[PDB]
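**Q** Mind having a look at this structure? Questions to follow.
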Amino acid sequence: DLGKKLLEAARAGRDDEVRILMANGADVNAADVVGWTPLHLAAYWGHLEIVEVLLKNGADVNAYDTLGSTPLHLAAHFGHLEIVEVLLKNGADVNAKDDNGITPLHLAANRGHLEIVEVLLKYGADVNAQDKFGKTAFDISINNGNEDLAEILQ
Amino acid sequence: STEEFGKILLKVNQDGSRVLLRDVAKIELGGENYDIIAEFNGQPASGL
């Protein structure tokens with residue numbers, strides 16, 4: 001019951017409601033129907049302050065949904081540079097793979113987030129990492145036409 | 001976007017190389033027809 005209210009508080013960005021639910025002992029790793037925990041919703045919508053409150057109360061930074069996607073995949077794919085730094089600081093897996101072999105580096109490369117790619121690579125992202133189709137982060141840059149990104153990937 | 005249209009895969013060659021739409025055509029945003037050209041007092045303008 002309390003974990004369901006925490007999922008809606010983290011999605012709507014209600015920073016005050018999250019801390020009240022945490023005091024009542026809500027489940028920090030409560031997943032919905034698709035396997036998304038409150039940390040997945042905070043990283044998807046872009047609530048940096050909620051990501052910090054969740055991780056402080058011992059939330060799983062490497063939590064995965066019904067398709068192996070982690071909160072770091074959602075923060076890199078949707079251009080949340082501040083959230084990627086906070087997640088990687090709390091011990092997130094920079095080489096995390098979903099059910100398709102897609103890493104957060106692949107998601108940041110396809111959307112042209114040059115700032116996130118730099119942060120991910122600084123934390124030890126695998127440049128030669130391949131998905132189920134054998135495509136690396138460099139293969140995405142040359143196909144999309146991003147000359148600035150292909151420069152960073154050598 | 002034009003970038004998404006440019007990376008449309010037409011064919012894959014025997015050597016593994018890919019032939020994209022941008023390799024055989026110029027991709028750009030341009031009017032449906034280039035027939036009408038209006039000018040207000042000599043300066044480029046549109047109208048209704």
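Order determines the names: the first chain of the structure tokens is A, the second B, and so forth; residues in each chain are numbered 1 upward, and ligands are numbered 1 upward as they are shown.
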Could you give me, as number ranges by chain, each residue of region 24-142 of chain A that DSSP assigns to alpha helix (DSSP H) when run on this structure's backbone?
**A** A: 38-45, 48-56, 71-77, 81-89, 104-110, 114-122, 137-142
**Q** Tell me, as a compact mmCIF listing (two decimals) with C-alpha atoms, in the first residue's frame, which residues lie within 12 Å of residue 38 (chain B), counting only C-alpha atoms; anything in the same chain fewer than 6 positions away does not count.
**A**
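Okay, part12.txt is ready:
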```txt
# COMPACT_ATOMS: atom_id res chain seq x y z
CA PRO B 44 10.85 38.63 -49.35
CA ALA B 45 7.44 37.95 -47.78
CA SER B 46 4.49 35.48 -47.63
CA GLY B 47 0.72 36.21 -47.67
CA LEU B 48 -2.86 35.06 -47.21
```
**Q** Please report as a tab-separated table every residue of chain B lying within 12 Å of chain A, along with the nearest atom pair and their distance in Å (one decimal), using only C-alpha atoms.
**A**
```
residue	atom	partner	partner_atom	distance
B:1	CA	A:144	CA	11.4
B:2	CA	A:144	CA	10.7
B:3	CA	A:144	CA	6.9
B:4	CA	A:144	CA	7.5
B:5	CA	A:144	CA	10.0
B:6	CA	A:144	CA	8.4
B:7	CA	A:144	CA	6.3
B:8	CA	A:143	CA	9.5
B:9	CA	A:143	CA	9.8
B:17	CA	A:143	CA	11.3
B:18	CA	A:143	CA	9.2
B:19	CA	A:143	CA	10.5
B:20	CA	A:143	CA	8.8
B:21	CA	A:143	CA	11.4
B:22	CA	A:145	CA	10.1
B:23	CA	A:143	CA	11.6
```
**Q** Take the residues from that selection and write them out as a PDB file, in the first residue's frame, keeping C-alpha atoms.
**A**
```
ATOM      1  CA  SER B   1      13.662  15.125 -38.785  1.00  0.00           C
ATOM      2  CA  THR B   2      15.872  15.317 -41.918  1.00  0.00           C
ATOM      3  CA  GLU B   3      18.567  13.307 -40.051  1.00  0.00           C
ATOM      4  CA  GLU B   4      16.110  10.405 -39.570  1.00  0.00           C
ATOM      5  CA  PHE B   5      15.201  10.423 -43.278  1.00  0.00           C
ATOM      6  CA  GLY B   6      18.882  10.581 -44.284  1.00  0.00           C
ATOM      7  CA  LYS B   7      19.707   7.381 -42.376  1.00  0.00           C
ATOM      8  CA  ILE B   8      17.000   5.349 -44.207  1.00  0.00           C
ATOM      9  CA  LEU B   9      18.589   2.048 -45.283  1.00  0.00           C
ATOM     10  CA  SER B  17      28.744  -1.528 -46.354  1.00  0.00           C
ATOM     11  CA  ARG B  18      25.363   0.231 -46.075  1.00  0.00           C
ATOM     12  CA  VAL B  19      23.669   2.412 -48.704  1.00  0.00           C
ATOM     13  CA  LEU B  20      21.641   5.156 -47.004  1.00  0.00           C
ATOM     14  CA  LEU B  21      19.131   7.659 -48.490  1.00  0.00           C
ATOM     15  CA  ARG B  22      21.629  10.516 -47.866  1.00  0.00           C
ATOM     16  CA  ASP B  23      24.216   8.711 -50.079  1.00  0.00           C
TER      17      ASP B  23
END
```
